[PDB]
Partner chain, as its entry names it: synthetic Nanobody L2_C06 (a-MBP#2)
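In structure tokens, the next block holds one chain alone, the form solved without its partner chain.
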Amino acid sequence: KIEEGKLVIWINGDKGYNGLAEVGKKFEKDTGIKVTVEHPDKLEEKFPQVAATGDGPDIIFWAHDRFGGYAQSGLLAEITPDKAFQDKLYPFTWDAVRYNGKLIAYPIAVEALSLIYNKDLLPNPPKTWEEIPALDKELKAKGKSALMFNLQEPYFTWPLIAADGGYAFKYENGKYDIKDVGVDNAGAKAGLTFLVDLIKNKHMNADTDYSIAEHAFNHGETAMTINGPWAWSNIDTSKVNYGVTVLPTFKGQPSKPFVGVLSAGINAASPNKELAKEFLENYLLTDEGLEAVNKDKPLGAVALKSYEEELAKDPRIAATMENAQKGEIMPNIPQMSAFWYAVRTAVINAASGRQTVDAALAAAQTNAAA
């Protein structure tokens, strides 16, 4: 069972967990309460299982999309920031963590995928997806490749799927229609078909995952990658001369990455709710707190106004916001877990040649819908 008198925190391991731990040490120094930061694998799936039994972390960090489901299942404590605190963050970030009229998590940062490119290999990155095959031919002749990114998680291919018409659930007047899924319209099909053609024509490998893409980019094996702000720190360390820019267009339309608000929720089963509120409100969501995390691994555009105002001048953040503006904020509805699983299956099956793009997305639509 969750222990009283300490805080256990779960956060994805590609985020600045060491920096978050620094905020934890500061918390312990002031309160005597020990803070343990952990990054279990597949934490976003482990949470619902263990929290159901009254176990797991006091605080869970994830993009807001998963939180509606946690809330519907009664896994989250309703949070109680007063009016002064709420005023400290951008109103739209609060909207992302609202579910059935209740705030169920604290917004931290706004994430969106960007095109990352090696300036020495590619001083002028492609403006369109359509340009990528020829770049790859040219680079292959130098023992390099044009583009590598994670093909195991649908999050990374979604921008291309959505670019020319793909969407998750139809949204009208502040309500998602869970029976109206947009993963199998002409736009979605066109997008995935292009991705699969890249693979068939040997410009990408269906096996490529996050670690393989990161290694390749950071070692100058590939000219481009697609990734979030968290990834910039490792590139800095690699001494690759990189730029961050708008994603390529597809059929003349911008790529539309799903926008995630990194959020922190409080386990409904936690006997440490007040401590968790104190930690999140008085320590983490301050200029000093977000600074420590961000210095470890960049957060992106933070929810805290005072600190975003000082990050805003960073061109990498301007590119992130530009890509966010072109994309869409993720739904937070409970149906999202089913949506993602359906799209992951379709992309893997189509990329590997197990099913046609059309069969893959037709099953995803059915699987995702109610």
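Residue numbers count along the first chain shown, from 1.
- Just going by the entry, 114 to 122 versus 193 to 201 on mean CA temperature factor gives the higher value to 114 to 122.
- On average the C-alpha atoms of 48 to 56 have higher B-factors than those of the other stretch, with 24 to 32 and 48 to 56 being the two compared.
- The entry lists C-alpha B-factors for 215, 273, 140, 256, and the highest of these is at 140.
- Highest CA B-factor among 247, 264, 109, 240, as stated in the entry: 240.
- The deposited CA B-factor of residue 136 belongs to the lowest third of values across its chain.
- For residue 307, the recorded CA B-factor ranks within the highest third of the chain. Only modelled residues enter the ranking.
- Per the deposited record, the Cα B-factor of residue 323 falls in the lowest third when ranked against the other modelled residues of its chain.
- When the CA B factors of the chain's modelled residues are split into thirds, the value for residue 301 lands in the highest one.
- Ranked by Cα temperature factor within the chain, residue 145 sits in the lowest third according to the deposited record.
Keep in mind that the form deposited with its partner chain bound is missing from the display, and what follows is about it.
- Applying a 4.5 Å heavy atom cutoff to its partner chain in the entry with it bound picks out 163, 164, 165, 173 from 147 to 181, in order along the sequence.
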